[PDB]
Asker: 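Structure below; questions to follow.
Sequential numbering from 1 along the given sequence is applied to the chain's residues. The figures here come from the full heavy-atom set of this structure, side chains too, leaving out hydrogens, waters and symmetry mates.
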Amino acid sequence: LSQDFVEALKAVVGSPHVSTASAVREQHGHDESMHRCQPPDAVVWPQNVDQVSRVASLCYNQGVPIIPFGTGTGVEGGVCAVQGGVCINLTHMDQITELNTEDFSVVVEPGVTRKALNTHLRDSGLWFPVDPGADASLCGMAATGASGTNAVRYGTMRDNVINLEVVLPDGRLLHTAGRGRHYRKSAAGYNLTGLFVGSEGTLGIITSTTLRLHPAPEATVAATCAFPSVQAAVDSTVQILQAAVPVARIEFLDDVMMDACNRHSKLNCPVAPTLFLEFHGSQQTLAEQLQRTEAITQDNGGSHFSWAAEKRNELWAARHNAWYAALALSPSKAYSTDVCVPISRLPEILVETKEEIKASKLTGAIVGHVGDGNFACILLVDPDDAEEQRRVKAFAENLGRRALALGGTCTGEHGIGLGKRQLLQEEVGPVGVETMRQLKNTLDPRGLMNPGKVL
Ligand SMILES: Cc1cc2nc3c(=O)[nH]c(=O)nc-3n(C[C@H](O)[C@H](O)[C@H](O)COP(=O)(O)OP(=O)(O)OC[C@H]3O[C@@H](n4cnc5c(N)ncnc54)[C@H](O)[C@@H]3O)c2cc1C
Ligand SMILES: CC(C)[C@@H](O)C(=O)O
């Protein structure tokens, strides 16, 4: 990467905000996944949207790849600079603007995390529900199409993103639903917002997100329920959803995951396949949701609810850190699967996955947003064991195809990145692939917008 080009970058954002140092680049060449670190040629921190546009234009017209970088908590190698180029760390734009409490909406820049937004919303009676376990950039969550434990009731990022400000690859500024606009529904033209949610930085750079806010629940109750088998826990989940109990959270941990979270946190739950549950409503509706949910779990051998305030906070902090609890079993890197299937097929595939984990030499922990028909298998890797690494690939790839055989999807929330590109081709077929690629080509003709990812 030439000296003239570095100086041009410095002319846009300022000398302290451009780095070609090896250590700085290596810190931006990987996320939380096992994908090998591939350092960008430079890291740049733009200070405002005009600078983002000018950096993109400079890179695009010089043939230099662009890698958007949020908080680096992705798990599919999205930020890995597989073709080098300029990593654009967006987190110095960290302002919350256009807070509209009366319309339930807010605008956030990429440096704002969910924790920052909800802390600033304290005493407002509103909150933002989509809750990945990591302290992630909200614009990064828009880019990956993230969900979370609350999504079963309050929706995913796709459900809660109202508008996006996007710097297109050549530097043009797009407001996907129109500058400053926010509303509950629209039929005006083609919905551009949904195209950029889940685009993983391959269609442009999200520089602000307009988010739907939600009213805080009147009352909240959380509990855990232990089961004799995976089958019993997942049958309960499916029957709770089919009875239309509006649970706020319903999370599955197998016995391995439960034990790992016990060891990594303040919990001392029975080591067994377990559901973490949370209910929102008034006192009347809570008692009614509880009684219907306990009846279903009892029918499948579930324990009486272990109730949980500080202890719901420790409960959900343990769940949110399950990824790190799993890593701490083999102090190793990990790969995560992320399939999502029609809910009636969830018992088949979860039980089958548990049986396959045991039948193989591999270690795995299972945790899942099962209210969405979604779960993750966390598979540890010795970073220096090449034989283990292909067995992990082979396992994750066979699980993905089993989900596809059931009518599901290879990723419910994490995205495709580097790891699921072949599975995506099988999921949507040749006309789906060509259509997606035609969309990529019109927004990024030169193929410089995070190349090598998704497609
Ligand atoms: C402990 C843990 C728990 C997690 N739990 C969940 C969970 O429950 N649900 C879930 O969905 N994910 C979860 N994740 C994954 C991850 O946190 C999410 O995918 C999150 O949305 C990534 O955001 P980020 O800014 O950290 O992404 P990064 O890793 O910085 O980037 C991810 C991808 O998005 C692109 N990108 C980032 N920011 C932008 C932007 N502003 N504009 C355009 N493209 C951009 C990058 O180029 C890359 O391709 C978890 C991760 C960890 C470590
Ligand atoms: C599996 C990890 C990465 C996240 O998706 C979670 O559900 O906690």
Side-chain angles (χ1 to χ4, degrees), residues 49 52-53 56 60 65-70 74 76 78-79 88 90 105 107-110 130 136-147 151 155-212 338 340 409-418 420-421 423-425 427-455:
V49 181
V52 180
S53 169
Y60 189 85
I66 301 155
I67 311 100
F69 191 107
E76 272 290 16
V79 296
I88 300 189
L90 298 153
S105 63
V107 179
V108 299
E109 296 179 339
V130 192
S137 163
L138 287 162
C139 291
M141 299 164 42
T144 64
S147 76
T156 70
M157 282 319 277
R158 178 162 307 272
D159 294 314
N160 289 293
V161 169
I162 304 165
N163 206 338
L164 292 168
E165 175 182 276
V166 182
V167 170
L168 296 176
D170 76 355
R172 290 168 296 141
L173 189 64
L174 169 65
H175 294 97
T176 55
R179 185 185 271 271
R181 301 202 180 285
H182 53 111
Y183 47 68
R184 281 276 179 182
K185 70 186 182 189
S186 178
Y190 313 137
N191 190 290
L192 301 179
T193 303
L195 173 57
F196 289 89
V197 174
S199 59
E200 288 179 54
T202 66
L203 302 180
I205 306 158
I206 297 171
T207 55
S208 74
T209 303
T210 309
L211 295 171
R212 178 63 66 205
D338 191 34
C340 181
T409 175
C410 75
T411 177
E413 50 166 22
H414 291 160
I416 300 290
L418 288 168
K420 307 186 182 79
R421 291 161 83 210
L423 287 167
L424 176 61
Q425 294 196 341
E427 184 161 335
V428 298
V431 183
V433 172
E434 181 164 50
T435 300
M436 279 181 201
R437 178 66 184 268
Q438 283 173 322
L439 293 173
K440 163 72 167 173
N441 290 338
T442 67
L443 299 169
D444 179 21
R446 291 187 66 166
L448 299 165
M449 198 59 243
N450 205 2
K453 316 293 165 57
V454 184
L455 301 173

Asker: Please round to the nearest 0.5 Å and tell me the distance separating atom NE2 of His175 and atom CZ of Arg181.
Answerer: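 CZ of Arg181 is found 11.0 Å from NE2 of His175.
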
Asker: Between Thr156 and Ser147, do the side chains contain a donor N or O and an acceptor N or O under 3.5 Å apart?
Answerer: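 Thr156 and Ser147 do not have a side-chain donor-acceptor pair below 3.5 Å.
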
Asker: Can you tell me if CD on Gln425 sees more than 12 non-hydrogen neighbours from other groups inside 6.0 Å?
Answerer: yes

Asker: When you measure from the side chain of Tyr60 to the backbone of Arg446, do you find a donor-acceptor pair of N or O atoms at a distance under 3.5 Å?
Answerer: yes

Asker: Counting N and O atoms only, with roles assigned by atom type, does the side chain of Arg158 sit under 3.5 Å from a partner on the main chain of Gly145, one being a donor and the other an acceptor?
Answerer: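 Answer holds: no.
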
Asker: Of the non-hydrogen atoms in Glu200 and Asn450, which two are nearest, and what is the gap between them?
Answerer: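 In terms of heavy atoms, the two residues are closest at O-ND2, 3.3 Å.
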
Asker: If every non-hydrogen atom of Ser105 is compared with every non-hydrogen atom of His182, which pair is closest and at what distance?
Answerer: OG-ND1, 3.3 Å

Asker: Specify the closest pair of heavy atoms between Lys420 and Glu76, including all atoms of both residues, with the distance to one decimal.
Answerer: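 Reported closest heavy-atom pair: NZ-OE2, 2.6 Å.
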
Asker: Have a look at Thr193 and tell me which of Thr209, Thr210, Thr176 forms a side-chain hydrogen bond (donor to acceptor under 3.5 Å, both in side chains) with it.
Answerer: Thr176

Asker: Output all residues satisfying salt bridge (charged side-chain N to carboxylate O under 4.0 Å, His left out) with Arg172, sequence neighbours left out; order by chain, then residue number.
Answerer: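 Checked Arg172 against salt bridge (charged side-chain N to carboxylate O under 4.0 Å, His left out); matches are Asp170.
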
Asker: Go through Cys139 and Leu90 one step at a time and tell me if the side-chain contact (heavy atoms from CB on, under 4.5 Å) criterion holds.
Answerer: CA-CA 9 Å; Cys139 291; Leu90 298 153; over 6 Å; no

Asker: Are the side chains of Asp159 and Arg212 in contact, using a 4.5 Å heavy-atom criterion?
Answerer: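 Contact flag for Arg212/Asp159 side chains = no.
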
Asker: Would you mind telling me which of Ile416, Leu424, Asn441 makes a side-chain contact (heavy atoms from CB on, under 4.5 Å) with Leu455?
Answerer: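 Only one of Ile416, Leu424, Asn441 forms a side-chain contact (heavy atoms from CB on, under 4.5 Å) with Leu455, namely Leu424.
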
Asker: State, yes or no, whether a side-chain contact exists between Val431 and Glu434 at a heavy-atom distance under 4.5 Å.
Answerer: no

Asker: I need the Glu413 CD to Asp338 CG distance, nearest 0.5 Å.
Answerer: 5.0 Å

Asker: State, yes or no, whether a side-chain contact exists between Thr202 and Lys440 at a heavy-atom distance under 4.5 Å.
Answerer: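 In short, these two side chains touch, coming nearer than 4.5 Å.
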
Asker: How close do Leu418 and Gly452 get, heavy atom to heavy atom, and via which atoms?
Answerer: CD2-O, 3.4 Å

Asker: If you round to the nearest 0.5 Å, how far is CG of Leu203 from CG of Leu192?
Answerer: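 Those atoms lie 11.0 Å apart.
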
Asker: Got a second to check how far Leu164's CG is from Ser208's OG, nearest 0.5 Å?
Answerer: 7.5 Å

Asker: Does the side chain of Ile206 reach to within under 4.5 Å of the side chain of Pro110, using non-hydrogen atoms?
Answerer: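 Counting from C-beta outward, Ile206 and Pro110 never come under 4.5 Å.
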
Asker: Restricting to ring pair (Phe, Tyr, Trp, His ring centres under 6.0 Å), what partner residues turn up for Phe196, sequence neighbours left out?
Answerer: none

Asker: Could you state the interatomic distance from CG (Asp444) to OG (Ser199), rounded to the nearest 0.5 Å?
Answerer: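 Between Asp444 CG and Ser199 OG, I get 11.0 Å after rounding to 0.5 Å.
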
Asker: First locate atom CZ of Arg179, then atom CD of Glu165, and finally report the distance between them rounded to the nearest 0.5 Å.
Answerer: 6.0 Å

Asker: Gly171 and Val167: which non-hydrogen atoms are nearest, and at how many Å?
Answerer: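 Nearest pair, atom of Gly171 first, then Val167: CA-CG1, 3.9 Å.
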
Asker: So, do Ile88 and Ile66 sit near enough that their side-chain heavy atoms are less than 4.5 Å apart?
Answerer: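 Yes, at least one pair of side-chain atoms sits under 4.5 Å.
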
Asker: Please test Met449 against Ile205 for side-chain contact (heavy atoms from CB on, under 4.5 Å), starting from the C-alpha separation and ending with a verdict.
Answerer: CA-CA 9 Å; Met449 198 59 243; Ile205 306 158; 3.7 Å; yes

Asker: Of the non-hydrogen atoms in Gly70 and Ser137, which two are nearest, and what is the gap between them?
Answerer: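 Taking every non-hydrogen atom into account, CA-CB, 4.3 Å.
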
